[PDB]
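Reviewing the structure listed below.
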Amino acid sequence: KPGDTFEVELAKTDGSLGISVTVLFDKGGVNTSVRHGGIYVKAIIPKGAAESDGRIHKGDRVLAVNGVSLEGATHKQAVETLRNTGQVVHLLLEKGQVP
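Each residue of the sequence shown is one higher than the last, beginning at 9 in the deposited numbering.
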């Protein structure tokens, strides 16, 4: 559903995740304005990964990484955790909105 939680198994082919995420670019919130934002996939850069698996698009909400809630994280901290994770990263997402 367009706000469902899916722990996506995002497998890195080589050059890290294909998702360029932001924490939240403050323009309110595409689902959570009164609530804190998590992390958002801003875009997909080739690689494979998100685009290849075909789950994540340029607007899905990232809640966490394998249950490690990204609440109050800046985009870098999210990605730092996404770099601490190995070849296949599990991310806890919610369906976002597309551009």
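The beta carbon of each residue, even a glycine, is placed where N, CA and C say it ideally should be.
| Query | Result |
| --- | --- |
| Whole-angstrom Cβ separation of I47 and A19, contact assumed at under 8 angstroms? | Contact flag wrong, Cβ pair sits at about 18 angstroms. |
| Using 8 angstroms for Cβ pairs, my map puts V76 next to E17. What's the rounded Cβ distance? | Between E17 and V76 the Cβ distance is about 15 angstroms, and since that is not below 8 angstroms, they are no contact. |
| Roughly how many whole angstroms lie between the Cα atoms of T13 and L71? | 8 angstroms |
| What are the residues that DSSP puts in a beta bridge with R69? | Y48 and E102 |
| Would you mind working out which of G94, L78, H83 and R69 sits nearest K9, comparing C-alpha positions? | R69 |
| When burial is assigned at 16 or more other CB atoms within 10 Å of the CB, is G104 buried or exposed? | buried |
| Starting from the Cα of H83, find the closest Cα among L101, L32, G37 and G23 and give me that residue. | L32 |
| Given a cut-off of 8 angstroms, decide if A57 and residue 3 are closer than it, judged by their beta-carbon atoms. | Given that the chain is displayed from residue 9 to residue 107, the structure contains no residue 3 and the question cannot be resolved. |
| Ordered along the chain, which non-local residues of its own chain (more than five positions away) have a Cβ less than 8 angstroms from that of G67? | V38, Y48, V49, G104, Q105, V106 and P107 |
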